[PDB]
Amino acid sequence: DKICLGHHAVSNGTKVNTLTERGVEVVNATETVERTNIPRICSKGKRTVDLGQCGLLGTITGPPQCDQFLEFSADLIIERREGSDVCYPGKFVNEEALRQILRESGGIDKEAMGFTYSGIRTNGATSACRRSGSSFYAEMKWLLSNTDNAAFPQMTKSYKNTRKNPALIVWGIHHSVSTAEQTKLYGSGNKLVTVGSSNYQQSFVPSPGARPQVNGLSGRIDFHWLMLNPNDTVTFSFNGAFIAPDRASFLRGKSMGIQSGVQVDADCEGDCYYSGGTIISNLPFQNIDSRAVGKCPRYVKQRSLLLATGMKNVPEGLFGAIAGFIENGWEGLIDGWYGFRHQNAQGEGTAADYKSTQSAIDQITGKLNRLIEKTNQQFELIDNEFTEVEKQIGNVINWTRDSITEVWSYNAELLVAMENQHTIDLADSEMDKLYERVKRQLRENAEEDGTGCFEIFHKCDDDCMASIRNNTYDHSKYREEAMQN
C-alpha cells in the first residue's frame, strides 16, 4: 500500500522567461504588454468637440471655419489634420504653447473688451476670410486709416481684467506686400505697436515685402498672445498695421486634447488615446504608440512579456519537488493543483488537496492584482503630429521620451522575469510543503521511496487514505502493525 503526491500538468504549456532560464514552459500565463487597439475615439461620458476644419487656435481669432467653436465647451478636444488656424495667411507666435494651454482649457468664454475707436476705419475685410461676401476674423478688427493713404492717428487702448482667472489676449500685426500698400492702408511713416502690462512688455514692427501667395494673397497677418493676470491691465499703443482684439478669452475649466484621424464612438469608453484610436487595457504596459496621452499604460519596446500564472509544466526549482525528485506531473489531475494518488487493496485513487492549491492560487492572484493596476497620472501632448515643433526643443523632447522608454522597458522586462522566477519557486515550495506535511503526518508508519510516494507499512483502506488526505490520520492507531517492519 502506497500513497503518492503530485501536481497537475497540461499538454501544451506556455513558454515564459525567468531570471535564470529562457523559455520555461509553465502551465498557464497571461500577457502584460498591450497590442490591441480600438480604431475609434471612445468618447462615452465625455463632452467631445471634434474641431474638424477649425484649427484649435482659430477658436480664439474666429475664421469662418471656427464660427461654431468661438465659445465651445468640452472635456475632450480633438484636433484634425485638415484643421486650419487662419483664414487670412499667417501664423501664431508661440503657437504650440497656446495649443497646450487650450487643450486643457475645457473650452473658452469670450467677453467684450470695450474697444471703441474714433478717427480710423474699423471694417477691414478680405476675400480669403469669406463668410457671406468678404469678411474678417470674427473676434478681431482690421483697423485701417479713415481714408485711403491718410495718416493713421496714434492710439492707445487699455483693458482691465475684472475677473478671477487670467484672460487670453490675442492681437495681430499686418505684414503688407509692399511699403506702398502699407502707406495705402495706414499712411506713410514707420509703424509700431507696443503691448505692455505688469508681466508682459514687447513691441512689434511690420515687415513689408513680397511673399509667395497663400490662399491667393501675399500679405501675412500674424497673431500674438499673452495671459493677463486678474486685476492687471493690458495696454496697446499703435499707429497702424494692427489687428485689434474684440473679445478676450477665459478658460472654462479642465479637459484634454488629442490629435487623431479616426471617427468618434459615443458608445465606447476609454481614457487612453492616440492618433490611431483608443487604448482600452488593464495591462501595465503597451507597445502601440509611445506618444499616447491620457491615463495610459507605460510604453515599452517589447511586444510581449508573458507573466507566469501557474507552476512549471512537467508532462510525461529552488525546493526540488516540481521538476525535481518528482519525475513528472499528472495530466489528469483536473481537480486542483496538488493532489494525492493512492494504491491499496481497493487500489488507485486520485484526489486533490484544496488547501495548498488555494494557497498558490491566492498568491499568484495577489501578484496579478498587484501588477494589473491603474496609473492615475495623466500626461498631455508636448509634441505635435500635424505641425512639427522647433527642432531643438523637439530633439530634447525625443531624447527624454526615448530615455524614459528605455527605463520602462528595462523595468518591465526585469519585473516579468523576476515575478516568473518567484512564481515557479513558489509553486515548488507549496509542493514540498504538502509533501513535508504528509511525511510529518505518517511519522513512523510509512517510509519515503524517493519519488514522492509513501510506503505505508500497514493496511490502509479508502477510509484510511481519506483520513490521510484531510489530516485526520492518527499514527498511534497503526504505530504497531505498521512498525513491525
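The first residue of the shown sequence is 1; numbering continues from there.
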Query raised in the report: Which class fits the unmodelled deposited stretch between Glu316 and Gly317: none, 1 to 3, 4 to 9, or 10 or more?
Result: 4 to 9
Query raised in the report: Is the mean CA B factor in the deposited entry higher across 225-233 or across 284-292?
Result: 225-233
Query raised in the report: Mean C-alpha B factor from the entry: is it higher for 100-108 or for 204-212?
Result: 204-212
Requested in this report: Report the option among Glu419, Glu34, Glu430, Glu444 whose CA atom has the maximum B-factor in the deposited record.
Outcome: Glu444
Query - Criterion, highest CA B-factor; candidates, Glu82, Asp353, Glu390, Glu327 - result: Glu327
Report task. Grab the CA temperature factor for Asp402 from the record and place it in the lowest, middle or highest third of its chain. Result -> lowest
**Report entry** Assigned third (lowest, middle, highest) for the C-alpha B factor of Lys301
**Finding:** lowest
Query - Where the record places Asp67 (Cα B-factor, split into thirds across the chain) - result: middle
Query raised in the report: Comparing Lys44 with the other modelled residues of its chain, is its CA B-factor in the lowest, middle or highest third?
Result: middle
Query raised in the report: C-alpha B factor of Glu436, ranked within the chain: lowest, middle or highest third?
Result: highest
